[PDB]
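Note: hydrogens, waters and symmetry copies are ignored here, and every other heavy atom, side chains too, is used. Letters A, B, ... mirror the listed sequences (proteins, then strands); counts begin at 1.
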Amino acid sequence: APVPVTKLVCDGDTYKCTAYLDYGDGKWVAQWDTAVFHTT
Amino acid sequence: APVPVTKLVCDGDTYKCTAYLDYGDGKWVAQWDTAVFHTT
Amino acid sequence: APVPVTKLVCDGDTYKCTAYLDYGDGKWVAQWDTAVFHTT
Ligand SMILES: C[C@@H]1O[C@@H](O)[C@@H](O)[C@H](O)[C@@H]1O
């Protein structure tokens, strides 16, 4: 299936972004490595 | 030059994450792999 | 800690997504590599 993403967050401690999914009981997420930094 | 992401979707079987780009003919996408899992 | 992504863009020539983050002076972002392409 194609599973819709509801919203995103990212964490500078873990260097993970997390997508909340519209699926099942509402507590599934998708997660991936990201860089995080203060820009200019 | 960066363009808006219109939406995110996530495949149920591969956990491939697809971002639909607002640009030109509307058929451009971005893609990456993710880990999907169930939380508390 | 997880902070909201307020905006999401993708850059075709760099193959990078940039997430803008709701934190601090508002210049925090997150970035990851992506495949970019035109769909059928
Ligand atoms: C965007 C920020 O990134 C790092 O500085 C973290 O220590 C914060 O919790 C926040 O996630």
Side-chain angles (χ1 to χ4, degrees):
Chain A
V3 178
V5 168
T6 259
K7 63 175 178 154
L8 287 171
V9 303
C10 308
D11 195 332
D13 297 328
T14 69
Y15 292 87
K16 303 298 206 163
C17 290
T18 304
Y20 291 74
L21 302 188
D22 188 11
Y23 184 86
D25 70 349
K27 295 173 180 300
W28 297 80
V29 300
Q31 191 168 266
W32 62 89
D33 286 334
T34 183
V36 181
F37 59 91
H38 191 269
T39 202
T40 187
Chain B
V3 298
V5 170
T6 267
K7 60 162 176 187
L8 280 182
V9 145
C10 199
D11 174 71
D13 293 338
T14 62
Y15 302 162
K16 282 180 170 306
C17 202
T18 304
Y20 296 78
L21 307 191
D22 193 20
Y23 175 80
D25 62 11
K27 299 196 200 225
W28 292 89
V29 298
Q31 207 165 259
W32 61 94
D33 288 299
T34 80
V36 168
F37 61 83
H38 189 266
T39 74
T40 332
Chain C
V3 300
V5 177
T6 63
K7 187 195 215 308
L8 186 53
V9 304
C10 182
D11 191 330
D13 25 82
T14 176
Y15 293 80
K16 257 160 167 60
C17 280
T18 296
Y20 290 82
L21 302 186
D22 185 1
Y23 181 52
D25 65 357
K27 281 167 136 207
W28 293 91
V29 304
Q31 286 207 147
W32 57 97
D33 300 315
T34 69
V36 176
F37 49 94
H38 190 257
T39 60
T40 193

#### Entry: CA sep, side-chain torsions, deciding dist, call: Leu21(C), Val36(A), side chain to side chain contact (heavy atoms under 4.5 Å, CB included)
CA-CA 9 Å; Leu21(C) 302 186; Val36(A) 181; 4.2 Å; yes

### Message
Apply side chain to side chain contact (heavy atoms under 4.5 Å, CB included) to residues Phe37(A) and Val29(C) and explain how you reach the verdict.
### Response
CA-CA 6 Å; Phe37(A) 59 91; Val29(C) 304; 3.8 Å; yes

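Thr34(C) places no side-chain N or O within 3.5 Å of a backbone atom of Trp32(B) that could act as its donor or acceptor partner. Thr6(C) contributes no side-chain N or O that, together with a main-chain N or O of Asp22(C), makes up a donor-acceptor pair within less than 3.5 Å.
Within the 4.5 Å cutoff, no side-chain heavy atoms of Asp11(A) are placed close to those of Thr18(A). Here the side chains of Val9(C) and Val5(B) are not in contact, with every heavy-atom distance at 4.5 Å or above.
Atoms NZ and SG, from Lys16(A) and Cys10(A) in turn, are 11.5 Å apart once rounded to the nearest 0.5 Å. To the nearest 0.5 angstrom, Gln31(C) atom CD is 9.5 Å from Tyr20(C) atom OH. A distance of 7.5 Å separates CG of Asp33(C) from OG1 of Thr14(C), quoted to the nearest 0.5 Å. One finds the NZ atom of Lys27(B) at 7.5 Å from the OG1 atom of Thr40(C) (value rounded to the nearest 0.5 Å).
When hydrophobic clusters are built by joining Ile, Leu, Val, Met, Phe, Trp and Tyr residues whose side-chain heavy atoms come closer than 4.5 Å, directly or via intermediates, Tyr15(A) is grouped together with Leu8(A).
Relative orientation of the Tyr23(A) and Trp28(A) rings is perpendicular, given thresholds of 30° and 60° on the angle between their planes.
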